[PDB]
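Trainee: My questions will all concern the structure given below.
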Amino acid sequence: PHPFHXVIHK
Amino acid sequence: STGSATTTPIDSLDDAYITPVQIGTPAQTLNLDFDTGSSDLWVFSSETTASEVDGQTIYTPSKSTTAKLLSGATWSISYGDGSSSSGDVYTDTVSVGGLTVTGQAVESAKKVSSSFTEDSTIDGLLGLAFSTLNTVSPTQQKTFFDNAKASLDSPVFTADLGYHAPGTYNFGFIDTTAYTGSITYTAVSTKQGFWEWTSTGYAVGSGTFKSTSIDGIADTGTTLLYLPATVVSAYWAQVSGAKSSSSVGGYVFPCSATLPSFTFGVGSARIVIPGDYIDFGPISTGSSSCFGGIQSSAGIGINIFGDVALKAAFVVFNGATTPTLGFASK
């Protein structure tokens, strides 16, 4: 509840 | 110049924090999630597909006298939690906390994934990692921090996130009343575009500090603290009712439990996360089972010092030509 996980690049 | 803005968690769990930011002329105020693990500033806008907008404030670039369409440019981004958005790009005036940059790229979302539509409190993201991770094409755009460095009194910003309480982002100065003792600085690697550093080790509760390298990133836009499996298993081994739960996705423990503190090394210094910080909240309202704030990074790929870690410290993001990361207890 609601955890966030911010970028993917390769 | 400098800026100072208040950041507030979006809910009673501190899942994330939003900071107001004034875009355009006259100013339109949107509440953005300040994300040191990405380098895009994008917002919901008048261009976002209508059906994909649930309670958010939008940026209308046609109402802003200073906005300029950046022609040709589009962007597309996906994040670790599987959310994504894409669109086109304007440049406009953006102010944080009284600090103004002109010709900032503001990425206008034409579409947004379901978790951003479902989040009524987050009007977009402001990315603060290194500009090499910016997703605008064909030419990448600078972050708000990179655009502001020329005018800042000192090239730094600070993150002082509260525990179930507001906090502050400062730009361009270090508030020596916000922390205790002295800041310890540790080297940053920009090889992958992140604020990436190496912790010198960890202790659980009042046991021994174990010297062991933990490479990870400091990410204000990740909720939890993700560490390698065997460190995380050392921690929850000290909580009698904690178990790994495949249904919920991580370690849970009785809400009843007084959780031990967790310490992480920064060079010779120690930052101690209080036990209560690691209690992230019950898995359901009224449940007797709570969800842990420290979890395994094994399926992420990278160790992440997220808001659980960062809110126990005063963190200085030193963006001089050779960047470093500073931590102090507060």
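Simple scheme: letters A, B, ... for chains in structure tokens order, numbers from 1 for residues in each chain, numbers from 1 for ligands in the order shown.
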If we count only C-alpha atoms, what is near residue 9 (chain A) at a cut-off of 10 Å, once residues fewer than 2 positions away on the same chain are taken out, given as a VMD selection string?
Mentor: (chain A and resid 7) or (chain B and resid 38 77 to 80 133 to 135 192 to 193)
Trainee: From region 190-299 of chain B, collect each residue whose DSSP state is strand (DSSP E) and return the set as a short mmCIF file (atom, residue, chain, number, x, y, z; two decimals) with N, CA, C and O atoms, in the first residue's frame.
Mentor:
data_model
loop_
_atom_site.label_atom_id
_atom_site.label_comp_id
_atom_site.auth_asym_id
_atom_site.auth_seq_id
_atom_site.Cartn_x
_atom_site.Cartn_y
_atom_site.Cartn_z
N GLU B 196 24.47 7.65 -7.01
CA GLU B 196 24.90 6.28 -6.67
C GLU B 196 26.12 6.35 -5.75
O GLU B 196 27.12 7.01 -6.07
N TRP B 197 26.07 5.72 -4.58
CA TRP B 197 27.18 5.75 -3.64
C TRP B 197 27.37 4.37 -2.99
O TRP B 197 26.57 3.49 -3.27
N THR B 198 28.36 4.25 -2.13
CA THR B 198 28.61 2.97 -1.46
C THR B 198 28.64 3.15 0.06
O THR B 198 29.55 3.84 0.54
N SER B 199 27.65 2.52 0.66
CA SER B 199 27.58 2.56 2.14
C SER B 199 28.70 1.69 2.71
O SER B 199 29.00 0.70 2.03
N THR B 200 29.28 1.99 3.88
CA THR B 200 30.42 1.23 4.42
C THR B 200 29.94 0.08 5.31
O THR B 200 30.78 -0.68 5.80
N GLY B 201 28.65 -0.09 5.57
CA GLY B 201 28.14 -1.24 6.28
C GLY B 201 26.86 -1.03 7.03
O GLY B 201 26.16 -0.06 6.70
N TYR B 202 26.59 -1.96 7.97
CA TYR B 202 25.29 -1.79 8.66
C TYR B 202 25.33 -2.48 10.02
O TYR B 202 26.18 -3.32 10.22
N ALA B 203 24.46 -2.02 10.90
CA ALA B 203 24.16 -2.77 12.14
C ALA B 203 22.66 -2.89 12.32
O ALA B 203 21.89 -2.06 11.89
N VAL B 204 22.27 -3.92 13.06
CA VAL B 204 20.83 -4.05 13.41
C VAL B 204 20.65 -3.88 14.92
O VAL B 204 21.32 -4.60 15.66
N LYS B 210 28.84 -4.25 10.86
CA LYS B 210 29.50 -5.15 9.90
C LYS B 210 29.97 -4.33 8.69
O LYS B 210 29.11 -3.71 8.05
N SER B 211 31.26 -4.32 8.54
CA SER B 211 31.84 -3.56 7.40
C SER B 211 31.59 -4.37 6.12
O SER B 211 32.10 -5.49 5.89
N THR B 212 30.75 -3.83 5.29
CA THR B 212 30.54 -4.49 3.99
C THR B 212 29.98 -3.48 2.99
O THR B 212 29.07 -2.73 3.34
N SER B 213 30.58 -3.51 1.81
CA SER B 213 30.21 -2.50 0.81
C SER B 213 28.79 -2.67 0.35
O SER B 213 28.44 -3.71 -0.21
N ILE B 214 27.96 -1.64 0.50
CA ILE B 214 26.66 -1.73 -0.18
C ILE B 214 26.47 -0.55 -1.13
O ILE B 214 26.35 0.58 -0.69
N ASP B 215 26.56 -0.90 -2.40
CA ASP B 215 26.39 0.07 -3.50
C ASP B 215 24.89 0.28 -3.74
O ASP B 215 24.15 -0.70 -3.92
N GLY B 216 24.45 1.54 -3.68
CA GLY B 216 23.02 1.72 -3.96
C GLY B 216 22.76 3.20 -4.35
O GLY B 216 23.72 3.99 -4.44
N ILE B 217 21.50 3.50 -4.60
CA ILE B 217 21.23 4.89 -5.05
C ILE B 217 20.39 5.62 -4.00
O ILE B 217 19.56 4.99 -3.31
N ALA B 218 20.55 6.94 -3.91
CA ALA B 218 19.66 7.68 -3.01
C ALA B 218 18.47 8.20 -3.81
O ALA B 218 18.66 8.94 -4.76
N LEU B 225 13.25 1.11 1.78
CA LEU B 225 14.70 0.87 1.79
C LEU B 225 14.99 -0.57 1.30
O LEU B 225 14.60 -1.57 1.91
N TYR B 226 15.51 -0.78 0.11
CA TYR B 226 15.79 -2.07 -0.54
C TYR B 226 17.28 -2.39 -0.45
O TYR B 226 18.12 -1.69 -1.03
N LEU B 227 17.57 -3.44 0.29
CA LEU B 227 18.95 -3.88 0.52
C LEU B 227 19.14 -5.33 0.13
O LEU B 227 18.18 -6.09 0.00
N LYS B 243 7.81 -12.63 9.09
CA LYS B 243 8.11 -13.66 8.06
C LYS B 243 8.06 -13.06 6.68
O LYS B 243 7.42 -12.03 6.46
N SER B 244 8.72 -13.67 5.70
CA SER B 244 8.51 -13.37 4.29
C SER B 244 7.16 -13.93 3.82
O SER B 244 6.94 -15.11 4.09
N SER B 245 6.35 -13.08 3.24
CA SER B 245 5.01 -13.34 2.73
C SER B 245 4.94 -13.24 1.21
O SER B 245 5.05 -12.13 0.64
N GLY B 250 6.71 -9.51 0.46
CA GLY B 250 7.79 -8.94 1.28
C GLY B 250 7.63 -9.32 2.72
O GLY B 250 6.70 -10.04 3.05
N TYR B 251 8.53 -8.76 3.52
CA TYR B 251 8.50 -9.16 4.96
C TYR B 251 7.34 -8.45 5.66
O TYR B 251 7.06 -7.27 5.47
N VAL B 252 6.53 -9.26 6.38
CA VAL B 252 5.52 -8.68 7.27
C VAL B 252 5.79 -9.11 8.72
O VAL B 252 6.50 -10.10 8.96
N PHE B 253 5.23 -8.37 9.64
CA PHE B 253 5.43 -8.61 11.08
C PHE B 253 4.24 -8.09 11.88
O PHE B 253 3.51 -7.19 11.44
N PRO B 254 3.95 -8.61 13.09
CA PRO B 254 2.83 -8.10 13.87
C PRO B 254 3.05 -6.64 14.19
O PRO B 254 4.18 -6.27 14.65
N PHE B 262 17.79 0.41 12.62
CA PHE B 262 18.79 -0.05 11.60
C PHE B 262 19.81 1.02 11.34
O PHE B 262 19.51 2.19 11.10
N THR B 263 21.11 0.68 11.35
CA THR B 263 22.15 1.70 11.14
C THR B 263 22.84 1.46 9.78
O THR B 263 23.08 0.28 9.51
N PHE B 264 23.07 2.51 9.01
CA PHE B 264 23.92 2.36 7.82
C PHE B 264 25.09 3.31 7.88
O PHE B 264 25.03 4.38 8.49
N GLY B 265 26.22 2.85 7.35
CA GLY B 265 27.51 3.58 7.43
C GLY B 265 27.58 4.54 6.26
O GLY B 265 27.29 4.14 5.11
N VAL B 266 28.03 5.71 6.57
CA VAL B 266 28.55 6.62 5.54
C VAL B 266 29.96 7.05 5.86
O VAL B 266 30.14 7.84 6.81
N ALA B 269 30.95 7.67 9.42
CA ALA B 269 29.78 8.04 10.21
C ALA B 269 28.69 7.00 10.13
O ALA B 269 28.68 6.08 9.32
N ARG B 270 27.74 7.20 11.01
CA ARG B 270 26.61 6.24 11.15
C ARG B 270 25.31 6.99 11.09
O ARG B 270 25.15 8.05 11.72
N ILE B 271 24.40 6.55 10.27
CA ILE B 271 23.01 7.08 10.33
C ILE B 271 22.08 6.04 10.92
O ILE B 271 22.16 4.90 10.49
N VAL B 272 21.30 6.43 11.90
CA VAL B 272 20.42 5.39 12.53
C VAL B 272 18.98 5.68 12.21
O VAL B 272 18.39 6.72 12.44
N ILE B 273 18.34 4.83 11.45
CA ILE B 273 16.91 4.72 11.24
C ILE B 273 16.23 4.08 12.45
O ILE B 273 16.37 2.98 12.83
N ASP B 279 8.45 0.50 10.43
CA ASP B 279 7.02 0.06 10.47
C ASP B 279 6.21 0.78 9.43
O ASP B 279 5.75 1.90 9.60
N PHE B 280 5.88 -0.12 8.24
CA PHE B 280 5.46 0.91 7.28
C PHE B 280 3.97 1.23 7.45
O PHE B 280 3.52 2.34 7.18
N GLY B 281 3.21 0.24 7.90
CA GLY B 281 1.77 0.43 8.16
C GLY B 281 1.05 -0.90 8.06
O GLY B 281 1.60 -1.90 7.58
N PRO B 282 -0.23 -1.09 8.49
CA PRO B 282 -0.80 -2.40 8.37
C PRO B 282 -1.02 -2.68 6.94
O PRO B 282 -1.18 -1.72 6.13
N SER B 289 -1.31 -7.30 10.96
CA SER B 289 -0.05 -7.51 10.24
C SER B 289 0.39 -6.25 9.54
O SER B 289 -0.41 -5.57 8.92
N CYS B 290 1.63 -5.89 9.75
CA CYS B 290 2.18 -4.67 9.15
C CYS B 290 3.26 -5.01 8.16
O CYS B 290 3.80 -6.12 8.20
N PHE B 291 3.46 -4.11 7.24
CA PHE B 291 4.37 -4.29 6.12
C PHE B 291 5.73 -3.65 6.42
O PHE B 291 5.77 -2.55 6.96
N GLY B 292 6.84 -4.37 6.21
CA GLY B 292 8.14 -3.83 6.67
C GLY B 292 8.67 -2.76 5.71
O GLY B 292 8.46 -2.77 4.52
N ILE B 294 11.90 -2.29 5.28
CA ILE B 294 13.16 -2.78 4.69
C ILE B 294 12.90 -4.09 3.93
O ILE B 294 12.32 -4.99 4.55
N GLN B 295 13.22 -4.12 2.66
CA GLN B 295 12.91 -5.29 1.83
C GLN B 295 14.07 -5.64 0.90
O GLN B 295 14.96 -4.80 0.71
N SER B 296 13.98 -6.81 0.31
CA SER B 296 15.13 -7.33 -0.49
C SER B 296 15.19 -6.60 -1.83
O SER B 296 14.17 -6.45 -2.49
#
Trainee: Looking at only C-alpha atoms, which of B:137, B:64, B:36, B:86 is the one that sits closest to chain A?
Mentor: B:36
Trainee: Nearest residue to residue 2 (chain A) out of B:222, B:46, B:240, B:39, using only C-alpha atoms?
Mentor: B:222
Trainee: At a cut-off of 6 Å, which residues of chain A touch chain B? Count only C-alpha atoms and give the answer as a list in words.
Mentor: residues 3, 4, 5, 6, 7 and 8 of chain A
Trainee: The selected residues should be written to file as a JSON list (two decimals), in the first residue's frame (atoms: C-alpha atoms).
Mentor:
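Generated file (out35.json):
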[["chain", "number", "residue", "atom", "x", "y", "z"],
["A", 3, "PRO", "CA", 4.76, 2.02, -2.41],
["A", 4, "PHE", "CA", 6.48, 3.93, -5.23],
["A", 5, "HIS", "CA", 9.65, 3.14, -7.18],
["A", 6, "UNK", "CA", 10.62, 5.93, -9.52],
["A", 7, "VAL", "CA", 13.55, 5.26, -13.90],
["A", 8, "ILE", "CA", 14.48, 2.18, -15.95]]
Trainee: Which one of B:301, B:260, B:167, B:241 sits closest to residue 288 (chain B) if you count only C-alpha atoms?
Mentor: B:241
Trainee: Interatomic distance between CA of residue 144 (chain B) and CA of residue 182 (chain B)?
Mentor: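 These atoms are spaced 27.5 Å apart.
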